[PDB]
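>
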Amino acid sequence: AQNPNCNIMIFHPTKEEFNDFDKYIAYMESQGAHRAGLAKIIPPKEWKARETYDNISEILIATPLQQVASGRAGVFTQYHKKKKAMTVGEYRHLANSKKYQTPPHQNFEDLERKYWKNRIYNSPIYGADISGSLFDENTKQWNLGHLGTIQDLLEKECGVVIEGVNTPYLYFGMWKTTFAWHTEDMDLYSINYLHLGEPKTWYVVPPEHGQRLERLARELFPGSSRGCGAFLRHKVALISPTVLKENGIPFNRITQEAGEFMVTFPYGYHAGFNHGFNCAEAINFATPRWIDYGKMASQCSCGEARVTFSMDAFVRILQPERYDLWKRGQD
Ligand SMILES: O=C(O)CNC(=O)C(=O)O
Ligand SMILES: [Mg+2]
Ligand code: NI
Ligand SMILES: [Zn+2]
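Numbering (the entry's author numbering), first residue to last: 11 to 341.
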């Protein structure tokens with residue numbers, strides 16, 4: 011069995027290997043990359059996402075989200091308070107202000123220490139989940155707006171034609187902006203490209219051990235767990251590495267820098283934080299190996315998780331027994 015300790019693997023494809031996206035994902039899996047839940051892909055030196063980022067300041071962040079924490083430093087939830095619209099240039103200036111800017115630090119480890127010590131005492135503003143793309147249309151390799159769609163994959167594997175679309179999302183971050191512990195919708199893959207700015211630190215639980223994280227989460231968030239049998243779908247709970255280690259939960263960590271891709275694999279729980287002003291692009295995708303994960307994915311039916319249009323068909327076809335309850339949660 012390849013990668014039996016479930017380490018995060020880092021790949022350096024050549025420009026030739028960068029042509030065929032599906033083939034390279036399958037390659038990475040042949041080497042055991044999926045066992046970690048997360049892999050890093052460093053693009054060949056010849057590749058670029060676009061020519062420059064000099065002209066992005068007029069993108070609008072219609073609903074910036076202030077991420078307000080409750081709990082203790084290592085075990086907390088966050089809720090998202092909506093803020094007034096602002097442009098990317100206005101948000102960058104805000105991220106760089108004395109109130110929000112990254113503190114002086116020695117290295118990524120010192121910054122990570124400071125994040126876990128101090129995150130809860132601040133409320134950073136995240137421009138998350140913005141439909142759009144920063145890939146140039148002429149970028150033909152690993153262009154996250156030109157991937158094969160999940161609907162087409164389901165149709166190719168299973169023969170059933172379904173409605174829905176699959177487009178990327180932009181994320182504008184600042185120091186301490188946080189992504190809570192989650193797997194993707196329908197336990198899909200994700201791919202995330204850090205276009206510019208400061209790094210993003212990731213934490214991940216191997217898919218084979220995801221239920222250990224869920225059991226810890228039920229213990230640590232007992233009211234939330236009574237409310238919903240899949241409350242991590244709400245994407246609000248944080249647990250620090252120190253707490254994970256104290257509870258024996260297997261995990262790994264890595265820091266993504268600008269110019270690098272990360273892939274999350276089906277049922278790979280992940281969480282993390284931004285180091286400072288940055289911009290990432292991410293999209294969900296599927297492969298043949300995903301189908302079995304999609305069929306088994308948990309679902310929130312309490313009403314909190316509220317998701318895209320396109321998830322309807324995935325539930326309806328892959329999980330017909332759960333469909334009626336899940337759809338009630340949506341309505
Ligand atoms: O970058 C973020 O805030 C969150 N991204 C992801 O969870 C992902 O790419 O799967
Ligand atoms: Mg612009
Ligand atoms: Ni994710
Ligand atoms: Zn729920």
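Don't be surprised by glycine CBs; every beta carbon is placed ideally from N, CA and C.
Would you grab the beta carbon distance between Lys210 and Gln266 for me? Rounded to a whole angstrom, and I think it's under 8 Å.
About 5 Å; that satisfies the 8 Å criterion.
> According to the neighbour-count rule (16 or more other Cβ atoms, all chains shown, within 10 Å of its Cβ), is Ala11 buried or exposed?
That one is exposed.
> If we ignore side chains and look at the alpha-carbon of each, how far apart do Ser143 and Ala95 end up?
Spanning the two alpha carbons is a distance of roughly 19 Å.
> Buried or exposed: where does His192 fall if 16 or more other Cβ atoms within 10 Å of its Cβ makes it buried?
Buried, since its Cβ has 16 or more Cβ neighbours within 10 Å.
> Measure the alpha-carbon distance for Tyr63 versus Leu206 and round it to whole angstroms.
If I take the Cα positions, the gap works out to 8 Å.
> Does the Cβ-Cβ distance between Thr252 and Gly84 come in under 7 Å?
Going by C-beta atoms, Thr252 is nearer than 7 Å to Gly84.
> Taking just the CA atoms, how far does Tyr181 sit from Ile69?
Spanning the two alpha carbons is a distance of roughly 11 Å.
> Can we count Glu194 as close to ligand 4, meaning its CB is less than 6 Å from some heavy atom?
Every heavy atom of ligand 4 is 6 Å or more from the Cβ of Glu194, so no.
> Give the DSSP-derived three-state secondary structure of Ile301 in the structure shown.
Note: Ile301 maps to helix in three-state DSSP.
> Closest to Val78 by C-alpha separation, out of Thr274, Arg338, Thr188, would be which residue?
It is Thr188 whose Cα lies nearest to the Cα of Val78.
> Below 7 Å between beta carbons: does that hold for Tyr203 and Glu291?
In this structure, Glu291 lies closer than 7 Å to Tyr203 by Cβ.
> Using a Cβ-based criterion (distance less than 6 Å to any ligand heavy atom), does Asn288 qualify as near ligand 1?
Checking the Cβ of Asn288 against ligand 1 gives no.
> Taking 8 Å as the threshold, find out whether the region 315-325 comes into contact with the region 161-179 through three or more Cβ pairs.
Counting Cβ pairs under 8 Å, three or more are found: they touch.
> Is there at least one non-hydrogen atom of ligand 1 closer than 6 Å to the beta-carbon of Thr211?
Not so, every heavy atom of ligand 1 lies at least 6 Å from the Cβ.
> Note down the Cα distance separating residue 2 from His44, rounded to an integer number of angstroms.
Outside the modelled stretch of the chain, which goes from 11 to 341, sits residue 2, for which no answer is possible.
> Measuring straight from C-alpha to C-alpha, what distance separates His244 and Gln88?
The straight-line gap from Cα to Cα measures roughly 10 Å.
> Pick from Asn284, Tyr279, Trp185, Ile66: whose alpha carbon is nearest that of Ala307?
Closest option to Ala307, Cα to Cα, is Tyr279.
> Using a strict less-than 7 Å threshold between each residue's beta carbon and the heavy atoms of ligand 2, what residues do you get?
Qualifying residues come out as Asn65, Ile66, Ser67, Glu68, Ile69, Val98.
> I think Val273 touches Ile201, with their Cβ atoms under 8 Å apart; what is that distance to the nearest whole Å?
Rounded, the Cβ-Cβ distance is 5 Å, consistent with contact.
> Looking only at its chain, what residues have a beta carbon closer than 6 Å to the beta carbon of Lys25, apart from the 5 residues adjacent to it on each side?
These residues qualify, in order along the chain: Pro54, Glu56.
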